[PDB]
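Participant: Each number in this note's numbering corresponds to the 1-based position in the sequence shown with 79 added.
Take this structure, written in structure tokens, and hold onto it; I'll ask about it next.
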Amino acid sequence: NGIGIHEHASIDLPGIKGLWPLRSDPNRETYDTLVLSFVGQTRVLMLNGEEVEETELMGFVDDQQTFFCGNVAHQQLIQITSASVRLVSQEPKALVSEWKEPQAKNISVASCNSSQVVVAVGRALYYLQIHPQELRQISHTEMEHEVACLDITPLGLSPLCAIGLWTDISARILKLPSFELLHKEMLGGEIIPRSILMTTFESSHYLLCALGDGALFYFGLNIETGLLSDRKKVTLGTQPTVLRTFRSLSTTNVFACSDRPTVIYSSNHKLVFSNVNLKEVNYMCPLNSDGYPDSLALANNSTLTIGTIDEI
């Protein structure tokens, strides 16, 4: 059913390719920062309370394009870029650790939770853990095919990693401290996966994989062994759909960015695909700040917006 969006603010910003919520202060809770992405460029926004000041962040780099960045363990921040994953102390605020592909290859794909980072490189996977002032590398294997997307959302640490491959057009579940195969799913066609995600809804875990043509697949997921069951496919849009997890009055829903915004939730023990009443939403992230509580940041083609859902 229809979901409305309560616009709170609205700035004109063409070219956003990503946005991530950050906490500059270990002592505050609420997010006070908003990092934007552009072609080869990254910008940062300071959030006061309805006030947007444009800023700079010291460990972070601005001449690259950010694939991800957020609050990591041990009071630190992380900025995975096309060139390197760089760790940053929260206190003084400086690069305390930086990882790079042993041969100068561009990271091409990234995923990261608070303690783990799993990046790809055209067909290779690297697992890194987040220690005090160190990006410690734990293992590195080659995938039969170019990696198109991955996720490591914990369901502490995550014993599982979820990948989407190029040609094979498979969705797989791998063991982290080894990358051993736990389950492979052939998905059909010539459209590669563009977004993959592991999440939980009432009390059950699911695997979500959005293909480049707007097709969304959702499997039930068994953590313990990582086996997918009850494969269902629905269509949401015609353009690549990107899946992001956000919090509602409840604790967890899923925003689907595409030619047709869609929020995924759960009433009983079955999914529901509500339509968001907005032209189109290309990128989004949750945004819990004093300026705006549990809200959201939706980025269009030339607009950045913050607002809330009404309720369920």
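Even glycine gets a Cβ: it sits at the ideal position worked out from N, Cα and C.
Pull the bridge partners of residue 189 from the DSSP assignment, please.
Facilitator: 198
Participant: Give me the residue from 119, 204, 148 and 335 with the minimum Cα distance to residue 289.
Facilitator: 335
Participant: From the DSSP output, in three-state form, read off residue 170 for me.
Facilitator: Three-state DSSP puts residue 170 in coil, outside helix and strand.
Participant: List in chain order: all unbroken alpha helix (DSSP H) runs of 4+ residues lying wholly within the region 209-233.
Facilitator: none
Participant: For residue 265, collect the residues of the same chain with a Cβ closer than 8 Å to its Cβ; drop the 5 residues on either side in sequence, then sort them by chain order.
Facilitator: Cβ neighbours of residue 265 within its own chain (closer than 8 Å, five residues either side excluded): 247, 248 and 249.
Participant: Which residues in the same chain as residue 141 place their Cβ atom closer than 6 Å to its Cβ, once the five residues preceding and following it in sequence are excluded?
Facilitator: Cβ neighbours of residue 141 beyond the five flanking positions: 121.
Participant: Where does the unbroken beta strand (DSSP E) through residue 311 begin, and where does it stop?
Facilitator: 307-314
Participant: If you draw a straight line from the alpha carbon of residue 147 to that of residue 189, how long is it in whole angstroms?
Facilitator: 7 Å
Participant: May I ask which residues mark the beginning and end of the beta strand (DSSP E) holding residue 241?
Facilitator: 239-244
Participant: Quick test of the definition: if touching needs 3 or more C-beta pairs under 8 Å, does the region 88-102 touch the region 111-118?
Facilitator: yes
Participant: Return yes when the Cβ of residue 374 is within less than 7 Å of the Cβ of residue 387, no when it is not.
Facilitator: yes
Participant: Among 259, 281 and 344, which residue has its Cα nearest to the Cα of residue 306?
Facilitator: Taking the Cα of residue 306 as reference, the smallest distance to any Cα among 259, 281 and 344 is reached at 259.
Participant: Count the other CB atoms, across all protein chains shown, that sit within 10 Å of the CB of residue 97; report buried if there are 16 or more and exposed otherwise.
Facilitator: buried
Participant: Touching or not, the region 125-143 and the region 357-372, by the rule of three or more beta carbon pairs under 8 Å?
Facilitator: As far as the Cβ criterion goes, the region 125-143 touches the region 357-372, which means the pair count is three or higher.
Participant: Under a Cβ-count criterion, where at least 16 other Cβ atoms within 10 Å of its own Cβ denotes burial, should residue 77 be classed as buried or exposed?
Facilitator: This structure does not reach residue 77, given that the chain is present from 80 up to 391, and the question cannot be answered.
Participant: Quick one: Cα of residue 311 to Cα of residue 230, how far?
Facilitator: 19 Å
Participant: Using a Cβ-Cβ cutoff of less than 6 Å, which residues in the same chain neighbour residue 395 once the five nearest sequence positions on both sides are dropped?
Facilitator: Shown here, the chain extends from 80 to 391; a query on residue 395 therefore has no answer.
Participant: Find the nearest neighbour of residue 200 within the set 179, 284 and 212, judged by alpha-carbon distance.
Facilitator: For the set 179, 284 and 212, the Cα lying nearest the Cα of residue 200 is the one of 179.
Participant: DSSP on residue 248, reduced to helix/strand/coil?
Facilitator: coil
Participant: So, helix, strand or coil for residue 344, using DSSP?
Facilitator: strand
Participant: Tell me whether residue 91 sits in a helix, a strand or coil according to DSSP, three-state version.
Facilitator: strand
Participant: Whole angstroms are fine: how far does the CA of residue 131 sit from the CA of residue 237?
Facilitator: 35 Å
Participant: For a quick check, are the C-beta atoms of residue 276 and residue 204 less than 7 Å apart?
Facilitator: no
Participant: By alpha-carbon positions, which one of 314, 295 and 172 ends up nearest to residue 135?
Facilitator: 172
Participant: Have a look at 245, 195 and 254 and flag the residue whose alpha-carbon is nearest the alpha-carbon of residue 220.
Facilitator: 254
Participant: The beta strand (DSSP E) with residue 390 in it runs from where to where?
Facilitator: Residue 390 -> no beta strand (DSSP E), and no H or E assigned at all.
Participant: According to DSSP, which residues form a beta bridge with residue 337?
Facilitator: DSSP lists 360 as partners of residue 337.
Participant: Going straight from the alpha carbon of residue 198 to that of residue 163, what length do you get?
Facilitator: 10 Å
Participant: Distance, Cα to Cα, residue 329 vs residue 294?
Facilitator: 27 Å
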